[PDB]
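Visitor: This is the structure, below, for whatever I ask next.
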Amino acid sequence: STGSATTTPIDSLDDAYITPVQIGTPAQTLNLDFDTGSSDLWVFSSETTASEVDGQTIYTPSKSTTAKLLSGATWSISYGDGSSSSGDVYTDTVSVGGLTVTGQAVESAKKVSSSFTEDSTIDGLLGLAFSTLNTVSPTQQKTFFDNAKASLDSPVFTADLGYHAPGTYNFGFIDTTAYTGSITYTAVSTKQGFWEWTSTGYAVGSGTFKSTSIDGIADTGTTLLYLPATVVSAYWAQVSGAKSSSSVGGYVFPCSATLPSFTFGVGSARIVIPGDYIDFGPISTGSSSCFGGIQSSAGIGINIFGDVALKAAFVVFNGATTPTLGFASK
Ligand SMILES: CCN(CC)c1ccc(C(=O)NN)cc1
């Protein structure tokens with residue numbers, strides 16, 4: 001089997017991407033944030049604290065003839081930005097882009113943090129990291145990908161995120177028309193439950209490539225590119241007037257600037273992030289200070305290849321017995 005679904009930015013900055021997902025019988029379509037940095041499929045629901053719901057579409061398990069309470073199961077998750085959610089668990093039929101999994105754990109939120117409440121466009125998350133990170137207790141549950149993978153034509157999914165435009169998540173096949181050149185594969189460590197890999201270095205604009213190992217995770221659920229302070233300082237030093245602002249919470253730059261590109265290495269291959277992808281716009285409406293899309297990972301504890309980086313590539317998440325990650329230009 002295969003599936004293919006379009007993913008759409010939630011706003012004009014590509015702050016996140018939403019993908020329609022069919023849950024239950026008859027189908028209830030919710031728009032979920034596909035998240036290769038976590039392993040829970042959770043939704044706004046009829047059980048979510050009413051004051052914490054603000055425009056989201058909710059899953060109502062009582063209206064699904066295939067929903068079953070997973071008795072005794074609870075979940076609770078916190079993300080690296082401080083966002084969180086928690087609740088109980090149902091199993092139900094879940095379909096993405098024509099690919100159907102029966103008996104998928106659908107984690108129903110009882111509580112969500114304000115950061116989720118305020119994102120009216122995001123009806124929940126669909127985790128695509130390794131199932132060892134799943135938070136359901138006392139019986140850990142499998143991701144949608146993990147459940148699907150034996151049925152898939154090939155045990156892979158691909159992320160093809162757009163810049164200020166829709167893109168595609170495919171399951172079970174590699175669309176050879178969706179990228180240019182060849183796909184370069186690189187090793188993955190699953191020890192921390194993430195799609196963790198090592199970039200071979202970077203360049204700023206038209207500068208020389210610096211060969212240096214940068215461990216990090218491929219996280220579709222993180223907006224920006226978070227790299228070591230040395231790398232990030234080298235980038236922003238090429239933008240007149242750019243500075244790290246403690247009050248704003250990262251690097252800002254004059255909105256009048258033209259940003260340089262940023263290149264990262266994948267083996268001997270190179271992915272180029274155009275300068276425009278690194279512009280996250282005014283820090284507040286009408287400001288001439290703009291927020292940067294490359295930020296320091298110092299204090300996070302890990303480097304994160306978020307959407308800023310991933311959207312510059314066609315990315316293969318290869319879930320074979322020994323997982324790997326592939327990147328191509330597009
Ligand atoms: C700000 C609240 N949202 C919705 C955009 C989040 C989505 C994904 C993550 C995350 O870290 N995923 N790996 C954290 C938060």
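All residue names refer to the structure tokens as shown: chains lettered A, B, ... in order, residues numbered from 1 in each chain, ligands numbered from 1 in order.
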Against ligand 1, which residues of chain A fall within 10 Å? For each one I want the closest pair of atoms and the distance in Å (one decimal), counting only C-alpha atoms and all ligand atoms, rows by chain and increasing residue number, as a Markdown table.
Guide:
| residue | atom | partner | partner_atom_place_in_ligand_line | distance |
| --- | --- | --- | --- | --- |
| A:10 | CA | ligand 1 | 5 (C) | 8.9 |
| A:15 | CA | ligand 1 | 5 (C) | 6.8 |
| A:16 | CA | ligand 1 | 5 (C) | 5.5 |
| A:17 | CA | ligand 1 | 5 (C) | 8.1 |
| A:18 | CA | ligand 1 | 5 (C) | 9.4 |
| A:32 | CA | ligand 1 | 4 (C) | 9.5 |
| A:33 | CA | ligand 1 | 7 (C) | 6.8 |
| A:34 | CA | ligand 1 | 8 (C) | 8.4 |
| A:35 | CA | ligand 1 | 13 (N) | 5.4 |
| A:36 | CA | ligand 1 | 13 (N) | 6.5 |
| A:37 | CA | ligand 1 | 13 (N) | 4.0 |
| A:38 | CA | ligand 1 | 13 (N) | 5.4 |
| A:39 | CA | ligand 1 | 13 (N) | 9.0 |
| A:78 | CA | ligand 1 | 14 (C) | 8.1 |
| A:79 | CA | ligand 1 | 11 (O) | 4.7 |
| A:80 | CA | ligand 1 | 11 (O) | 5.4 |
| A:81 | CA | ligand 1 | 14 (C) | 5.9 |
| A:82 | CA | ligand 1 | 14 (C) | 7.6 |
| A:83 | CA | ligand 1 | 15 (C) | 5.4 |
| A:84 | CA | ligand 1 | 15 (C) | 7.7 |
| A:85 | CA | ligand 1 | 15 (C) | 10.0 |
| A:112 | CA | ligand 1 | 2 (C) | 9.7 |
| A:113 | CA | ligand 1 | 2 (C) | 8.2 |
| A:114 | CA | ligand 1 | 2 (C) | 8.4 |
| A:115 | CA | ligand 1 | 2 (C) | 5.0 |
| A:116 | CA | ligand 1 | 2 (C) | 5.0 |
| A:117 | CA | ligand 1 | 2 (C) | 8.6 |
| A:118 | CA | ligand 1 | 2 (C) | 8.6 |
| A:119 | CA | ligand 1 | 4 (C) | 6.7 |
| A:120 | CA | ligand 1 | 4 (C) | 9.8 |
| A:121 | CA | ligand 1 | 5 (C) | 9.2 |
| A:122 | CA | ligand 1 | 4 (C) | 6.8 |
| A:123 | CA | ligand 1 | 4 (C) | 9.4 |
| A:124 | CA | ligand 1 | 4 (C) | 8.2 |
| A:125 | CA | ligand 1 | 7 (C) | 7.2 |
| A:126 | CA | ligand 1 | 12 (N) | 9.6 |
| A:127 | CA | ligand 1 | 13 (N) | 8.2 |
| A:128 | CA | ligand 1 | 13 (N) | 9.4 |
| A:129 | CA | ligand 1 | 13 (N) | 8.9 |
| A:194 | CA | ligand 1 | 13 (N) | 9.7 |
| A:217 | CA | ligand 1 | 13 (N) | 9.7 |
| A:218 | CA | ligand 1 | 13 (N) | 9.2 |
| A:219 | CA | ligand 1 | 13 (N) | 5.7 |
| A:220 | CA | ligand 1 | 13 (N) | 6.7 |
| A:221 | CA | ligand 1 | 12 (N) | 3.7 |
| A:222 | CA | ligand 1 | 10 (C) | 5.2 |
| A:223 | CA | ligand 1 | 5 (C) | 7.9 |
| A:304 | CA | ligand 1 | 13 (N) | 9.4 |
| A:306 | CA | ligand 1 | 13 (N) | 8.6 |
Visitor: Output C-alpha atoms of each residue in that selection to a file, as a CSV table (one decimal), in the first residue's frame.
Guide:
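Result file is again32.csv:
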chain,number,residue,atom,x,y,z
A,10,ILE,CA,-0.7,27.4,8.6
A,15,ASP,CA,5.3,28.5,11.2
A,16,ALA,CA,4.0,24.9,10.8
A,17,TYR,CA,2.3,22.7,8.3
A,18,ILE,CA,-1.0,20.9,8.6
A,32,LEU,CA,-2.7,17.5,12.1
A,33,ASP,CA,0.9,18.7,12.4
A,34,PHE,CA,3.0,15.8,11.2
A,35,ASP,CA,6.0,15.7,13.6
A,36,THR,CA,9.1,13.7,12.9
A,37,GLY,CA,10.4,14.8,16.3
A,38,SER,CA,7.8,13.1,18.5
A,39,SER,CA,5.8,9.8,18.6
A,78,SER,CA,6.1,18.1,26.7
A,79,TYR,CA,7.9,19.5,23.7
A,80,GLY,CA,11.3,21.3,23.7
A,81,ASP,CA,9.6,24.7,23.4
A,82,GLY,CA,7.6,24.2,26.6
A,83,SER,CA,4.3,23.3,24.9
A,84,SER,CA,2.4,20.3,26.4
A,85,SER,CA,-0.7,18.2,26.3
A,112,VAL,CA,-3.4,21.4,26.2
A,113,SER,CA,-1.0,24.3,26.7
A,114,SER,CA,-2.0,27.8,25.6
A,115,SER,CA,0.4,27.6,22.7
A,116,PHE,CA,-1.8,24.9,21.2
A,117,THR,CA,-5.1,26.6,22.1
A,118,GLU,CA,-3.9,29.7,20.3
A,119,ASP,CA,-3.1,27.8,17.1
A,120,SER,CA,-6.7,27.5,15.8
A,121,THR,CA,-5.5,25.8,12.6
A,122,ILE,CA,-3.8,22.8,14.3
A,123,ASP,CA,-6.2,20.1,15.5
A,124,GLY,CA,-3.4,17.9,16.9
A,125,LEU,CA,-0.1,16.3,16.1
A,126,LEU,CA,0.8,13.0,14.3
A,127,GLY,CA,4.2,11.8,15.5
A,128,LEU,CA,6.6,10.2,13.1
A,129,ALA,CA,9.7,9.7,15.3
A,194,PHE,CA,14.7,10.6,17.0
A,217,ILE,CA,17.6,15.7,14.5
A,218,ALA,CA,15.3,16.0,11.5
A,219,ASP,CA,12.2,17.5,13.0
A,220,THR,CA,9.3,18.6,10.8
A,221,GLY,CA,7.5,19.8,13.9
A,222,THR,CA,10.2,22.5,14.6
A,223,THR,CA,9.9,25.7,12.6
A,304,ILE,CA,17.5,20.7,15.2
A,306,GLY,CA,13.6,22.0,11.5
Visitor: What lies within 10 Å of residue A:279 using only C-alpha atoms, ignoring chain neighbours under 3 positions off, as a PDB file with C-alpha atoms, in the first residue's frame?
Guide:
ATOM      1  CA  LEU A  13       5.611  32.488   7.601  1.00  0.00           C
ATOM      2  CA  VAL A 252      17.155  39.560  14.768  1.00  0.00           C
ATOM      3  CA  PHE A 253      18.174  41.496  11.687  1.00  0.00           C
ATOM      4  CA  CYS A 255      14.121  43.950   7.712  1.00  0.00           C
ATOM      5  CA  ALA A 257      18.581  43.231   4.657  1.00  0.00           C
ATOM      6  CA  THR A 258      19.086  40.740   1.890  1.00  0.00           C
ATOM      7  CA  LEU A 259      19.910  37.445   3.629  1.00  0.00           C
ATOM      8  CA  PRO A 274      17.942  30.248   0.084  1.00  0.00           C
ATOM      9  CA  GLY A 275      18.264  33.418   2.142  1.00  0.00           C
ATOM     10  CA  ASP A 276      14.538  34.132   1.847  1.00  0.00           C
ATOM     11  CA  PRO A 282       8.867  41.546  11.821  1.00  0.00           C
ATOM     12  CA  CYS A 290      12.965  40.863  11.663  1.00  0.00           C
ATOM     13  CA  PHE A 291      13.339  37.461  13.325  1.00  0.00           C
ATOM     14  CA  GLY A 292      15.965  35.074  12.003  1.00  0.00           C
ATOM     15  CA  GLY A 293      15.315  31.541  10.859  1.00  0.00           C
ATOM     16  CA  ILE A 294      18.692  30.201  11.998  1.00  0.00           C
ATOM     17  CA  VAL A 308      13.800  25.965   7.525  1.00  0.00           C
TER      18      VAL A 308
END
Visitor: Contacts between stretch 92-96 of chain A and stretch 162-235 of chain A, please, where a residue of stretch 162-235 of chain A counts if it comes within 10 Å (with only C-alpha atoms); show its shortest atom pair and distance in Å to one decimal, rows by chain and ascending number, as a Markdown table.
Guide:
| residue | atom | partner | partner_atom | distance |
| --- | --- | --- | --- | --- |
| A:169 | CA | A:96 | CA | 9.2 |
| A:170 | CA | A:96 | CA | 9.2 |
| A:171 | CA | A:96 | CA | 8.7 |
Visitor: How would the residues just chosen look if you wrote them out with N, CA, C and O atoms as an mmCIF file, in the first residue's frame?
Guide:
data_model
loop_
_atom_site.group_PDB
_atom_site.id
_atom_site.type_symbol
_atom_site.label_atom_id
_atom_site.label_comp_id
_atom_site.auth_asym_id
_atom_site.auth_seq_id
_atom_site.Cartn_x
_atom_site.Cartn_y
_atom_site.Cartn_z
ATOM 1 N N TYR A 169 3.453 14.833 1.940
ATOM 2 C CA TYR A 169 3.944 13.658 2.677
ATOM 3 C C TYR A 169 3.486 12.414 1.932
ATOM 4 O O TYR A 169 2.295 12.222 1.724
ATOM 5 N N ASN A 170 4.441 11.581 1.532
ATOM 6 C CA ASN A 170 4.161 10.290 0.921
ATOM 7 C C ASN A 170 4.568 9.160 1.844
ATOM 8 O O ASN A 170 5.576 9.250 2.546
ATOM 9 N N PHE A 171 3.791 8.075 1.816
ATOM 10 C CA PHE A 171 4.074 6.882 2.600
ATOM 11 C C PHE A 171 4.189 5.695 1.669
ATOM 12 O O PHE A 171 3.292 5.441 0.858
#
Visitor: As a list in words, list the residues of stretch 40-120 of chain A assigned to helix (DSSP H, G or I) by DSSP on the backbone atoms of this structure.
Guide: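 Result set for stretch 40-120 of chain A (helix (DSSP H, G or I)): residues 50, 51, 52, 61, 62, 63, 114, 115, 116 and 117 of chain A.
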Visitor: Could those residues be written to a file, using N, CA, C and O atoms, as an mmCIF file, in the first residue's frame?
Guide:
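So the final result, stored in part_18.cif, reads:
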data_model
loop_
_atom_site.group_PDB
_atom_site.id
_atom_site.type_symbol
_atom_site.label_atom_id
_atom_site.label_comp_id
_atom_site.auth_asym_id
_atom_site.auth_seq_id
_atom_site.Cartn_x
_atom_site.Cartn_y
_atom_site.Cartn_z
ATOM 1 N N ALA A 50 -13.002 22.769 27.874
ATOM 2 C CA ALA A 50 -13.669 23.647 26.917
ATOM 3 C C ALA A 50 -12.947 24.983 26.746
ATOM 4 O O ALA A 50 -12.838 25.489 25.631
ATOM 5 N N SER A 51 -12.447 25.546 27.844
ATOM 6 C CA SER A 51 -11.745 26.824 27.794
ATOM 7 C C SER A 51 -10.426 26.760 27.039
ATOM 8 O O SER A 51 -9.838 27.804 26.744
ATOM 9 N N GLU A 52 -9.972 25.548 26.731
ATOM 10 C CA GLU A 52 -8.694 25.353 26.035
ATOM 11 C C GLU A 52 -8.867 25.041 24.557
ATOM 12 O O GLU A 52 -7.886 24.781 23.865
ATOM 13 N N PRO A 61 -15.060 10.654 19.881
ATOM 14 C CA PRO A 61 -15.040 9.196 19.721
ATOM 15 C C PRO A 61 -16.428 8.555 19.814
ATOM 16 O O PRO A 61 -16.651 7.526 19.189
ATOM 17 N N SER A 62 -17.344 9.157 20.569
ATOM 18 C CA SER A 62 -18.681 8.598 20.710
ATOM 19 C C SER A 62 -19.453 8.590 19.381
ATOM 20 O O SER A 62 -20.458 7.893 19.267
ATOM 21 N N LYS A 63 -18.998 9.357 18.393
ATOM 22 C CA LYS A 63 -19.657 9.377 17.089
ATOM 23 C C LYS A 63 -18.986 8.456 16.066
ATOM 24 O O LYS A 63 -19.398 8.401 14.905
ATOM 25 N N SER A 114 -1.443 26.646 26.333
ATOM 26 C CA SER A 114 -1.996 27.794 25.627
ATOM 27 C C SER A 114 -1.447 27.921 24.215
ATOM 28 O O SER A 114 -2.137 28.405 23.319
ATOM 29 N N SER A 115 -0.213 27.486 24.017
ATOM 30 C CA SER A 115 0.400 27.567 22.698
ATOM 31 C C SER A 115 -0.365 26.742 21.659
ATOM 32 O O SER A 115 -0.378 27.096 20.485
ATOM 33 N N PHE A 116 -0.985 25.645 22.094
ATOM 34 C CA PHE A 116 -1.843 24.855 21.212
ATOM 35 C C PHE A 116 -3.232 25.495 21.069
ATOM 36 O O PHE A 116 -3.757 25.622 19.960
ATOM 37 N N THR A 117 -3.820 25.932 22.175
ATOM 38 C CA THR A 117 -5.105 26.600 22.113
ATOM 39 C C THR A 117 -5.107 27.752 21.104
ATOM 40 O O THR A 117 -6.048 27.934 20.329
#
Visitor: For residue A:196, work out the shell of residues within 6 Å, counting only C-alpha atoms and skipping chain neighbours fewer than 6 positions away, then give it as a list in words.
Guide: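 Once the adjacent positions are removed, what remains is residues 188, 189, 216 and 217 of chain A.
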Visitor: Produce a file of the selected residues containing C-alpha atoms, as a PDB file, in the first residue's frame.
Guide:
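What follows is the written file part01.pdb:
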ATOM      1  CA  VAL A 188      20.664   7.494  11.638  1.00  0.00           C
ATOM      2  CA  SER A 189      21.013   6.851  15.362  1.00  0.00           C
ATOM      3  CA  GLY A 216      21.133  16.862  15.011  1.00  0.00           C
ATOM      4  CA  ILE A 217      17.583  15.706  14.493  1.00  0.00           C
TER       5      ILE A 217
END
Visitor: With only C-alpha atoms as the atoms that count, which of A:165, A:242, A:148, A:159 lies nearest to residue A:9?
Guide: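 Between A:165, A:242, A:148, A:159, the residue approaching residue A:9 most closely is A:165.
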Visitor: Which one is closest to residue A:321: A:107, A:146, A:54, A:40? Count only C-alpha atoms.
Guide: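 Selected residue with least distance to residue A:321: A:146.
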Visitor: Just to confirm, what's the straight-line distance from atom CA of residue A:296 to atom CA of residue A:233 in Å (one decimal)?
Guide: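 Atom-to-atom, atom CA of residue A:296 to atom CA of residue A:233, that is 8.3 Å.
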Visitor: Have a look at A:140, A:104, A:329, A:2 and name the one nearest to residue A:156; count only C-alpha atoms.
Guide: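 Closest to residue A:156 of all the choices is A:2.
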Visitor: Need to verify the contact set: residue A:309, 8 Å, only C-alpha atoms, exclusion of same-chain residues closer than 6 positions in sequence. Can you return it as number ranges by chain?
Guide: A: 224-225, 273
Visitor: Just checking: using only C-alpha atoms, which residue out of A:325, A:43, A:231, A:70 ends up closest to residue A:138?
Guide: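 Of A:325, A:43, A:231, A:70, the one nearest residue A:138 is A:70, counting only C-alpha atoms.
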Visitor: What residues in stretch 4-183 of chain A get the DSSP label strand (DSSP E or B)? Please answer as a VMD selection string.
Guide: chain A and resid 4 to 9 17 to 23 28 to 35 41 to 43 45 59 68 to 78 84 to 96 99 to 112 124 to 127 137 156 to 160 167 to 171
